[PDB]
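*Asks:* Show me the folded form of this:
(one chain, ligands or ions: 1)
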Amino acid sequence: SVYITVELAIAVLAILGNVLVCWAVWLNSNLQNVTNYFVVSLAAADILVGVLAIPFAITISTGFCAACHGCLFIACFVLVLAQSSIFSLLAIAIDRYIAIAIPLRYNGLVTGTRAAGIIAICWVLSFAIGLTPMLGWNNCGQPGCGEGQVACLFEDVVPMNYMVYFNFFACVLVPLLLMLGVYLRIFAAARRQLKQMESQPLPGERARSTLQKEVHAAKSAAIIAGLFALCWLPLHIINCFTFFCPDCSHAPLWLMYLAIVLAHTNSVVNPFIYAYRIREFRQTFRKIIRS
Ligand SMILES: Cn1c(=O)c2c(ncn2C)n(C)c1=O
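*Replies:* Numbers count the residues shown, from 1 in each chain. Below, you will see the structure:
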């Protein structure tokens with residue numbers, strides 16, 4: 001009951017943390033910028049983790065008996081939260097790029113309305129993708145619980161060709177490669193901005209301070225994304241060995257859970273990364289707790 005204990009420990013933090021973030025934003029209007037609209041999507045997504053995803057993960061670990069629709073939803077619900085985080089992290093990257101790249105058109109393009117729109121779309125696409133195995137791409141009953149109910153086991157009910165080709169490479173590796181490519185242009189151009197301002201006949205510390213603060217935000221965003229890939233790659237890398245290399249000793253269970261726990265931990269690092277990186281956030285939380 002140790003794995004269970006740790007999974008519950010995370011669920012608590014994942015909730016308290018991200019919920020604290022959403023509350024801090026709804027309280028302090030200085031954090032209600034268009035940018036943080038996506039951060040809210042990240043929070044809500046990472047909240048349902050300690051709310052449903054973890055509970056489901058703890059249940060499916062031992063396996064149970066249920067229909068295909070019910071057994072798939074429970075097993076593929078984590079793919080939805082993990083996929084939504086992809087769109088949110090990708091949007092934030094693009095956003096932090098638009099600001100530094102074209103500061104003027106930033107307010108003209110990056111609107112509070114389009115934000116809510118994109119988010120909605122992202123979630124829809126998250127359910128479409130995350131629950132693709134429920135569209136027919138599954139191994140329900142492929143060569144106990146009785147007729148009608150199927151032994152709900154993640155590896156047995158969920159195809160490997162999906163989580164590898166479709167899910168991992170396309171819906172994870174590609175995005176992360178796009179995001180990484182974005183931050184490449186972000187910091188590459190950001191340092192050029194400082195070089196042009198390094199050869200200016202005027203102080204203009206307003207533009208420098210602002211530029212440095214926009215870079216501080218883009219950097220903080222880069223750290224949030226990095227921890228995502230750092231906490232999900234291991235779990236996918238394991239599935240790459242199992243699939244592509246049937247000979248390669250199938251990953252043990254003790255190692256399997258560690259990769260799974262590492263993914264559920266990702267939802268917790270965010271609340272703490274804001275309180276540290278952003279001096280505006282930490283002062284917001286500090287107040288809520290006291291009062
Ligand atoms: C992504 N993933 C897995 O790849 C997995 C798993 N249990 C077993 N495997 C293989 N769980 C709960 C999971 O979330």
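*Asks:* Backbone dihedrals for residue 152, please?
*Replies:* Torsion angles at residue 152 (phi, psi; degrees, to the nearest 10) stand at phi -70, psi 90.
*Asks:* Hmm, it is touching residue 61, no?
*Replies:* No: applying Cβ atoms under 8 Å as the test, residue 152 and residue 61 come out as separate, 10.6 Å apart. For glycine as for every other residue, the C-beta is placed from the backbone atoms N, C-alpha and C.
*Asks:* Looking at those two now, which is surrounded by more residues?
*Replies:* Neighbours per residue (other Cβ atoms under 10 Å) separate residue 152 from residue 61, with residue 152 holding more: 23 against 17.
*Asks:* Next one: that one from residue 65, what distance?
*Replies:* Distance of residue 152 to residue 65, given as Cβ to Cβ, to the nearest Å: 7 Å.
*Asks:* Quick check: residue 131 vs residue 69, distance?
*Replies:* On the measure of Cβ to Cβ, residue 131 and residue 69 end up 10 Å apart.
*Asks:* neighbour-wise, which of the two wins?
*Replies:* Ranked by neighbour count (other Cβ under 10 Å), residue 131 and residue 69 place residue 131 first, with 16 against 10.
*Asks:* any idea how far the ligand is from the more buried one?
*Replies:* Applying Cβ to the nearest ligand atom, to the nearest Å, the value for residue 131 to the ligand is 14 Å.
*Asks:* list the contacts for the closest residue to the ligand within the stretch 151-291 of the chain?
*Replies:* Going by Cβ to the nearest ligand atom, the ligand is nearest to residue 154 of the stretch 151-291 of the chain, at 4.2 Å. Residue 154 sits next to 60, 75 when contact means Cβ atoms under 8 Å, 6 or more residues apart in numbering.
*Asks:* tell me which parts of the stretch 51-200 of the chain are close to the ligand?
*Replies:* For the stretch 51-200 of the chain, the residues in contact with the ligand (Cβ under 6 Å from any ligand atom) are 57, 78, 154-155.
*Asks:* Narrow these to those in helices?
*Replies:* Judged by DSSP state H, these include 57, 78, 154-155 as members of helices.
*Asks:* Dump the residues you listed to JSON lines, plus distance to residue 142.
*Replies:* Listed next are these as JSON lines, based on distance: Cβ to Cβ, whole Å:
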{"residue": "57", "distance to residue 142": "22"}
{"residue": "78", "distance to residue 142": "21"}
{"residue": "154", "distance to residue 142": "14"}
{"residue": "155", "distance to residue 142": "11"}
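*Asks:* Among these, the buried ones, what's the PyMOL command?
*Replies:* Selection of buried members from those for PyMOL, criterion 16 or more other Cβ atoms under 10 Å:
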select buried, resi 57+78+154
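*Asks:* Residue 118 against residue 88, yeah?
*Replies:* No: checked against Cβ under 8 Å, the pair residue 118 and residue 88 is beyond contact range at 9.5 Å.
*Asks:* Show me which of these two is the more surrounded one.
*Replies:* residue 88 (28 against 18).
*Asks:* The more buried one in helix, strand or coil?
*Replies:* When classified by DSSP: H, G, I helix; E, B strand; the rest coil, residue 88 comes out as helix.
*Asks:* burial count for residue 10?
*Replies:* When counting by other Cβ under 10 Å, one arrives at 19 neighbours for residue 10.
*Asks:* again with residue 2
*Replies:* Counted with other Cβ under 10 Å, residues neighbouring residue 2 total 6.
*Asks:* go on, residue 181?
*Replies:* Residue 181 has 11 neighbouring residues, counting by other Cβ under 10 Å.
*Asks:* wait, what's in contact with it?
*Replies:* Residue 181 makes contact with no residue, according to Cβ under 8 Å, 6+ apart.
*Asks:* Where does it fall, secondary structure wise?
*Replies:* helix 174-196 (DSSP states H and E).
*Asks:* cool, residue 151 as well?
*Replies:* Per DSSP H and E: strand 150-152 holds residue 151.
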